[PDB]
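Q: Supplied in structure tokens, the structure appears directly below.
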Number of protein chains: 2
Amino acid sequence: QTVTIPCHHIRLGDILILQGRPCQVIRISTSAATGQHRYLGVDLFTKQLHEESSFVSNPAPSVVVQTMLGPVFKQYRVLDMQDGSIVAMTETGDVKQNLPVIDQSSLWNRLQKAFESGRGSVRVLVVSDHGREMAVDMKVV
Amino acid sequence: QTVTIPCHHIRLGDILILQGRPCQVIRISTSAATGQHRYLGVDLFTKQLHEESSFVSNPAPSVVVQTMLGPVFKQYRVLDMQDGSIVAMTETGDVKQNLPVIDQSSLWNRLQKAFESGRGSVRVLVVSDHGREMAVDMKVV
């Protein structure tokens, strides 16, 4: 699933859906001809570059809004850490044995130290790309 | 009207609705007991301080989202500049004779120089507070 984000709340480093792919934004520019914003991002899964321009709508008189789509992050519990991947569990009890962890900003070591400190409190934020799941951030409940 | 904003897209300086008032965020903190985020902001109209904590929802299994409300900005054309206030016009032709301009980050002088340069291209972004309107930013179409 996706969420609509207003463009004035998008900054470098945010994760957006570009060309149907979840990407980390690395450049923001503005089109001189249309006024749309252009977003250059890095595919979280393949590391390829993608670009997409914003969507302009007029839902009411005197209201002009530019939006992009962002992913809906899922929150899983961490049951075990095994060799780069983790054993995760959904809120309903569905067990995921080999969930990969992205190599971005030392997430694995941040996750490792919080797990040994408070296993039951650690959560991973997960994105999906047409069936494939990956942990891209962590949270402490 | 308002728009729902995810908390991970809110940064210092953003404008949110706090306690029913539009405010510029000046401090973001996290509640140790609940995990909610707390936002301290400055009322754009009265300059008083207000604080509000985020709303936590669970719209689906394994989906936890924290949101705040932001204002829906209206876009008016600038017909004339008169003594701190401006004559503005909506997209449907409704004329507003004495629209005030906020004193934040030298908006009046930024608006003044763009008006003399390209009057027809200048737009002001306007917020409403239970009937009262004020220009809080500008745009060039």
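We label chains A, B, ... in the order they appear in the structure tokens, count residues from 1 in each chain, and number ligands from 1 in the order shown.
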Do you know which residues are at most 6 Å from stretch 134-138 of chain A counting only C-alpha atoms, after dropping those on the same chain fewer than 4 positions away, and could you put them as a list in words?

A: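 Those residues are residues 100, 101, 102, 123, 124, 125, 126 and 127 of chain A.
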
Q: Take the residues just selected and output them with N, CA, C and O atoms as a PDB file, in the first residue's frame.

A:
```pdb
ATOM      1  N   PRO A 100      15.616 -10.243   4.893  1.00  0.00           N
ATOM      2  CA  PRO A 100      16.887  -9.533   4.729  1.00  0.00           C
ATOM      3  C   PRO A 100      16.852  -8.140   5.342  1.00  0.00           C
ATOM      4  O   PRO A 100      15.798  -7.524   5.511  1.00  0.00           O
ATOM      5  N   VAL A 101      18.046  -7.651   5.673  1.00  0.00           N
ATOM      6  CA  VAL A 101      18.238  -6.328   6.255  1.00  0.00           C
ATOM      7  C   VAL A 101      19.069  -5.500   5.285  1.00  0.00           C
ATOM      8  O   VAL A 101      20.125  -5.951   4.826  1.00  0.00           O
ATOM      9  N   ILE A 102      18.596  -4.291   4.979  1.00  0.00           N
ATOM     10  CA  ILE A 102      19.291  -3.432   4.030  1.00  0.00           C
ATOM     11  C   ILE A 102      20.607  -2.950   4.629  1.00  0.00           C
ATOM     12  O   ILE A 102      20.728  -2.740   5.843  1.00  0.00           O
ATOM     13  N   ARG A 123      11.735  -3.437  17.054  1.00  0.00           N
ATOM     14  CA  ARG A 123      10.897  -3.630  15.882  1.00  0.00           C
ATOM     15  C   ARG A 123      11.672  -3.185  14.651  1.00  0.00           C
ATOM     16  O   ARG A 123      12.499  -2.273  14.720  1.00  0.00           O
ATOM     17  N   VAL A 124      11.403  -3.839  13.525  1.00  0.00           N
ATOM     18  CA  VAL A 124      11.973  -3.454  12.239  1.00  0.00           C
ATOM     19  C   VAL A 124      10.850  -2.917  11.365  1.00  0.00           C
ATOM     20  O   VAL A 124       9.735  -3.451  11.374  1.00  0.00           O
ATOM     21  N   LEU A 125      11.141  -1.848  10.627  1.00  0.00           N
ATOM     22  CA  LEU A 125      10.211  -1.310   9.643  1.00  0.00           C
ATOM     23  C   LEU A 125      10.514  -1.955   8.299  1.00  0.00           C
ATOM     24  O   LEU A 125      11.672  -1.993   7.870  1.00  0.00           O
ATOM     25  N   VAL A 126       9.479  -2.466   7.640  1.00  0.00           N
ATOM     26  CA  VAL A 126       9.643  -3.327   6.478  1.00  0.00           C
ATOM     27  C   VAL A 126       8.907  -2.737   5.286  1.00  0.00           C
ATOM     28  O   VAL A 126       7.773  -2.263   5.414  1.00  0.00           O
ATOM     29  N   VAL A 127       9.560  -2.758   4.128  1.00  0.00           N
ATOM     30  CA  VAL A 127       8.942  -2.351   2.872  1.00  0.00           C
ATOM     31  C   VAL A 127       8.777  -3.588   2.003  1.00  0.00           C
ATOM     32  O   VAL A 127       9.526  -4.566   2.125  1.00  0.00           O
TER      33      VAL A 127
END
```

Q: Neighbouring residues of residue A:64 were defined as those with any atom within 12 Å, considering only C-alpha atoms; residues of the same chain fewer than 5 positions away were excluded. Please report them as a VMD selection string.

A: (chain A and resid 6 to 7 35 to 36 55 to 59) or (chain B and resid 72 to 76 90 to 91 123 to 126 139 141)

Q: Go ahead and save the residues from that selection, with N, CA and C atoms, as a compact mmCIF listing (two decimals), in the first residue's frame.

A:
```
# COMPACT_ATOMS: atom_id res chain seq x y z
N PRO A 6 2.43 15.36 0.67
CA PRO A 6 2.60 16.66 0.00
C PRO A 6 4.07 16.95 -0.25
N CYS A 7 4.35 17.59 -1.39
CA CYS A 7 5.74 17.78 -1.80
C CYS A 7 6.50 18.70 -0.85
N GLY A 35 6.57 23.59 -13.43
CA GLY A 35 6.51 23.81 -12.00
C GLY A 35 6.49 22.54 -11.18
N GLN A 36 6.37 21.38 -11.81
CA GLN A 36 6.45 20.11 -11.09
C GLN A 36 7.82 19.96 -10.44
N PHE A 55 2.83 14.87 -9.10
CA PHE A 55 1.47 14.92 -9.62
C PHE A 55 0.79 16.17 -9.09
N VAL A 56 0.24 16.98 -9.99
CA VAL A 56 -0.42 18.23 -9.64
C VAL A 56 -1.92 18.02 -9.74
N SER A 57 -2.65 18.43 -8.70
CA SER A 57 -4.10 18.31 -8.67
C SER A 57 -4.71 19.61 -8.17
N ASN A 58 -6.00 19.78 -8.46
CA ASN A 58 -6.77 20.95 -8.06
C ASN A 58 -8.09 20.46 -7.50
N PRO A 59 -8.10 20.01 -6.24
CA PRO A 59 -9.31 19.39 -5.67
C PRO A 59 -10.40 20.38 -5.29
N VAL B 72 -4.51 23.12 4.75
CA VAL B 72 -4.59 23.12 3.30
C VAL B 72 -4.40 24.56 2.83
N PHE B 73 -3.28 24.82 2.17
CA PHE B 73 -2.95 26.17 1.72
C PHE B 73 -3.75 26.54 0.48
N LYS B 74 -4.28 27.75 0.47
CA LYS B 74 -4.96 28.30 -0.70
C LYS B 74 -4.01 29.22 -1.45
N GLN B 75 -4.20 29.31 -2.76
CA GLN B 75 -3.32 30.05 -3.65
C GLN B 75 -4.11 31.18 -4.29
N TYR B 76 -3.73 32.42 -3.97
CA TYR B 76 -4.40 33.61 -4.48
C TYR B 76 -3.46 34.39 -5.39
N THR B 90 -9.12 35.27 -5.70
CA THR B 90 -9.19 33.82 -5.78
C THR B 90 -9.24 33.39 -7.24
N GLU B 91 -9.22 32.07 -7.47
CA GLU B 91 -9.26 31.57 -8.85
C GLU B 91 -10.61 31.85 -9.50
N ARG B 123 2.08 34.41 -6.70
CA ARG B 123 0.99 33.87 -5.92
C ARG B 123 1.38 33.87 -4.45
N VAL B 124 0.39 34.04 -3.59
CA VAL B 124 0.59 33.95 -2.14
C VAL B 124 -0.14 32.71 -1.64
N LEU B 125 0.50 31.99 -0.72
CA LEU B 125 -0.13 30.86 -0.05
C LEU B 125 -0.80 31.36 1.22
N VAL B 126 -2.06 30.99 1.41
CA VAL B 126 -2.90 31.60 2.43
C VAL B 126 -3.43 30.52 3.37
N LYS B 139 4.64 32.09 -4.10
CA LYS B 139 4.96 31.14 -5.16
C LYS B 139 4.94 31.87 -6.49
N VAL B 141 4.23 31.10 -10.44
CA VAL B 141 3.67 30.13 -11.38
C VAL B 141 4.28 30.34 -12.76
```

Q: In chain A, what's helix (DSSP H, G or I) per DSSP? Answer as a list in words?

A: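 Written out, the helix (DSSP H, G or I) residues of chain A are residues 7, 8, 9, 107, 108, 109, 110, 111, 112, 113, 114, 115, 116, 117, 119, 120 and 121 of chain A.
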
Q: Which of these, A:27, A:112, A:65, A:96, has the shortest distance to residue A:83 once you count only C-alpha atoms?

A: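 Ranking A:27, A:112, A:65, A:96 by distance to residue A:83, first place goes to A:112.
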
Q: Of the residues A:29, A:78, A:15, A:4, which is the one nearest to residue A:94, using only C-alpha atoms?

A: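 Under the stated criterion, the closest residue is A:78.
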
Q: Identify which of the residues B:77, B:21, B:38, B:113 lies closest to residue B:130, counting only C-alpha atoms when measuring atom-to-atom distances.

A: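 That would be B:21, the residue with the smallest distance to residue B:130.
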
Q: Could you check the closest approach to chain A for each of B:84, B:70, B:41, B:20 and tell me which residue wins, using only C-alpha atoms?

A: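 The answer is B:70, which sits nearest to chain A.
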
Q: Report as a list in words all protein, DNA and RNA residues lying within 6 Å of residue A:122, evaluated on only C-alpha atoms, omitting residues in the same chain fewer than 2 positions from it.

A: residues 119, 120, 139 and 140 of chain A

Q: Would you save the residues from that selection as an mmCIF file, in the first residue's frame, using C-alpha atoms?

A:
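Wrote selection27.cif, looks like this:
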```
data_model
loop_
_atom_site.group_PDB
_atom_site.id
_atom_site.type_symbol
_atom_site.label_atom_id
_atom_site.label_comp_id
_atom_site.auth_asym_id
_atom_site.auth_seq_id
_atom_site.Cartn_x
_atom_site.Cartn_y
_atom_site.Cartn_z
ATOM 1 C CA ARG A 119 14.955 -8.108 22.450
ATOM 2 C CA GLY A 120 11.237 -7.743 23.159
ATOM 3 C CA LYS A 139 12.124 1.085 16.178
ATOM 4 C CA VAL A 140 11.958 0.540 19.940
#
```

Q: For a quick check of understanding, using only C-alpha atoms, which of B:24, B:2, B:92, B:19 has the smallest distance to residue B:128?

A: B:2

Q: I need the residue nearest chain B from this list: A:103, A:116, A:80, A:14. Use only C-alpha atoms for the distance.

A: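 Between A:103, A:116, A:80, A:14, the residue approaching chain B most closely is A:14.
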
Q: Using DSSP assignments from the backbone, pull out every residue in chain B that falls under strand (DSSP E) and give it to me as a PyMOL selection string.

A: chain B and resi 2-6+15-18+21-30+37-43+49-53+55-60+63-71+74-82+85-89+95-100+122-129+132-140

Q: I'd like the interatomic distance between atom CA of residue B:51 and atom CA of residue A:10, to a tenth of an Å.

A: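 Computing the Euclidean distance for atom CA of residue B:51 and atom CA of residue A:10 yields 23.2 Å.
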
Q: Neighbours of residue A:28 within 7 Å (only C-alpha atoms; same-chain residues fewer than 4 positions away dropped), as an NGL selection string?

A: :A and (37-40)

Q: Using Å and a single decimal, report how far atom CA of residue A:13 sits from atom CA of residue B:13.

A: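 About the pair atom CA of residue B:13 and atom CA of residue A:13: they are 17.5 Å apart.
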
Q: Which residues come within 10 Å of residue A:46, counting only C-alpha atoms, excluding same-chain residues fewer than 3 positions away, as a list in words?

A: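 Counting only C-alpha atoms, the residues come to residues 21, 23, 42, 43 and 49 of chain A.
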